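Note: the block below is data13.cif and it holds mmCIF, C-alpha atoms.
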```cif
data_my_file
#
loop_
_atom_site.label_atom_id
_atom_site.label_comp_id
_atom_site.auth_asym_id
_atom_site.auth_seq_id
_atom_site.Cartn_x
_atom_site.Cartn_y
_atom_site.Cartn_z
CA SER A 1 97.64 97.33 23.27
CA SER A 2 99.82 100.03 21.75
CA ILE A 3 101.01 99.70 18.15
CA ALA A 4 103.22 102.50 16.86
CA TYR A 5 102.52 103.47 13.25
CA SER A 6 105.48 105.05 11.52
CA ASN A 7 106.50 105.53 7.95
CA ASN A 8 109.77 103.80 6.95
CA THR A 9 109.72 101.29 9.81
CA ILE A 10 108.76 97.61 9.62
CA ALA A 11 108.62 94.71 12.07
CA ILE A 12 109.96 91.35 10.87
CA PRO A 13 109.77 88.10 12.89
CA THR A 14 113.12 86.49 13.67
CA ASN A 15 111.62 83.25 15.01
CA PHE A 16 108.58 81.01 14.81
CA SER A 17 106.53 78.56 16.85
CA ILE A 18 104.66 75.42 15.82
CA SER A 19 101.15 75.54 17.26
CA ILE A 20 98.60 72.72 17.32
CA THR A 21 95.07 73.77 18.20
CA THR A 22 91.94 71.65 18.48
CA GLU A 23 88.51 72.17 16.95
CA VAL A 24 85.49 70.17 18.13
CA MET A 25 82.61 69.77 15.67
CA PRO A 26 79.31 67.92 16.07
CA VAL A 27 78.44 65.75 13.07
CA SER A 28 75.53 63.63 14.31
CA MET A 29 72.77 63.22 16.88
CA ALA A 30 70.74 60.36 18.32
CA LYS A 31 68.43 58.66 15.84
CA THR A 32 65.06 58.33 17.57
CA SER A 33 61.91 56.42 16.62
CA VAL A 34 58.39 56.83 18.01
CA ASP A 35 55.67 54.17 17.90
CA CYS A 36 52.84 56.71 18.20
CA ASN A 37 50.30 53.95 18.72
CA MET A 38 52.17 52.99 21.89
CA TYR A 39 52.57 56.65 22.93
CA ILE A 40 48.86 57.44 22.66
CA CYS A 41 46.36 54.64 23.37
CA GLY A 42 49.16 52.11 23.69
CA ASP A 43 47.29 49.03 24.88
CA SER A 44 43.69 50.13 24.35
CA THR A 45 41.79 48.87 21.31
CA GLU A 46 38.97 51.36 21.78
CA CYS A 47 41.40 54.24 21.92
CA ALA A 48 43.21 52.90 18.87
CA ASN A 49 39.98 52.94 16.87
CA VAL B 1 2.80 65.51 42.87
CA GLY B 2 4.84 68.66 43.45
CA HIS B 3 3.73 68.78 47.09
CA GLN B 4 4.08 65.05 47.73
CA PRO B 5 6.95 63.60 49.81
CA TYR B 6 10.07 62.15 48.19
CA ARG B 7 12.79 60.13 49.89
CA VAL B 8 16.29 61.05 48.71
CA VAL B 9 19.50 59.05 49.16
CA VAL B 10 22.78 60.56 47.96
CA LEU B 11 25.57 58.01 47.47
CA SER B 12 29.05 59.54 47.62
CA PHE B 13 31.90 57.45 46.21
CA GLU B 14 35.65 57.56 46.76
CA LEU B 15 38.12 55.97 44.32
CA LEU B 16 41.56 56.11 45.95
CA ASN B 17 44.75 54.04 45.93
CA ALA B 18 43.46 52.18 48.98
CA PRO B 19 41.76 48.84 49.69
CA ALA B 20 38.26 48.36 48.28
CA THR B 21 35.37 48.25 50.75
CA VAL B 22 32.33 48.16 48.43
CA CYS B 23 32.46 46.16 45.20
CA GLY B 24 30.35 45.26 42.20
CA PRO B 25 28.87 41.78 41.74
CA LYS B 26 31.35 40.92 38.97
CA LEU B 27 32.73 37.38 39.24
CA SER B 28 36.45 36.73 39.65
CA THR B 29 38.72 34.49 37.58
CA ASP B 30 42.13 32.86 37.96
CA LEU B 31 45.39 34.67 37.32
CA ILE B 32 47.08 34.33 33.93
CA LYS B 33 50.76 35.25 33.77
CA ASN B 34 53.26 35.77 30.96
CA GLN B 35 50.46 36.40 28.45
CA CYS B 36 48.89 39.47 26.89
CA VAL B 37 45.50 39.64 28.61
CA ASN B 38 42.80 42.08 29.58
CA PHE B 39 42.79 42.50 33.35
CA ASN B 40 40.46 44.04 35.94
CA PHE B 41 41.83 44.60 39.46
CA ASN B 42 39.33 46.15 41.89
CA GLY B 43 37.65 47.88 38.97
CA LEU B 44 40.91 49.23 37.50
CA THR B 45 41.10 47.73 34.02
CA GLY B 46 43.81 47.42 31.40
CA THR B 47 45.68 45.29 28.88
CA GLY B 48 49.15 43.85 29.32
CA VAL B 49 51.43 41.06 30.50
#
```
Have the structure of the file written as C-alpha cells, please.
Amino acid sequence: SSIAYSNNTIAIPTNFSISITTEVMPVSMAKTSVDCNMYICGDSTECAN
Amino acid sequence: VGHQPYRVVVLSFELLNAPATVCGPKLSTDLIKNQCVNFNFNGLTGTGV
C-alpha cells in the first residue's frame, strides 16, 4: 500500500458502513469423572487390595 | 550320583485363543447369568455379569 504523507493535507471520510463481525469464544469443556478403581484392577479384589 | 542316569521330560505348553486340548482336573458347575459372579472358562478367570 502507498500512503502519501504531506503537510497541510487531510483525508476525511464522506460516507460510512455498518459492519457486523462475529467472535467465537470457548467458555467450557467436558466435565469428566474417573472411577480409578474400575480403571486399574476394576473387578479384581486381590488387585484392589 | 553325578554320573548316574536321569530321565528328563520337558513339557511345553501353549495358551492361545483356541480350543483346549489338555485340562486340569477342576470340576465344572452350572452357568449363572445376570449376576455378579467369579467365572473360570478353560482356565481364564474373572469377575463379572
If we count all atoms listed in the file, what is near residue 23 of chain B at a cut-off of 12 Å, once residues fewer than 5 positions away on the same chain are taken out, given as a PyMOL selection string?
chain B and resi 13-15+28+41-44
For chain A, which residues have at least one atom within 10 Å of chain B, if we go by all atoms listed in the file? Write them as a PyMOL selection string, please.
chain A and resi 42-45
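The coordinates place atom CA of residue 38 of chain A at 27.7 Å from atom CA of residue 29 of chain B.
For the pair atom CA of residue 22 of chain B and atom CA of residue 47 of chain A, the interatomic distance is 28.7 Å.
If all atoms listed in the file are the atoms counted, then among B:19, B:1, B:7, B:49 the closest residue to residue 31 of chain B is B:49.
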Can you sort out the box for segment 13-32 of chain A, edges along x, y and z, all listed atoms in, 3 Å on every side, with centre and edge lengths in Å to one decimal, as lines of an AutoDock Vina configuration file?
```
center_x = 89.1
center_y = 73.2
center_z = 15.7
size_x = 54.1
size_y = 35.8
size_z = 11.6
```
Just to confirm, what's the straight-line distance from atom CA of residue 10 of chain B to atom CA of residue 26 of chain B in Å (one decimal)?
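Pair atom CA of residue 10 of chain B / atom CA of residue 26 of chain B returns 23.2 Å.
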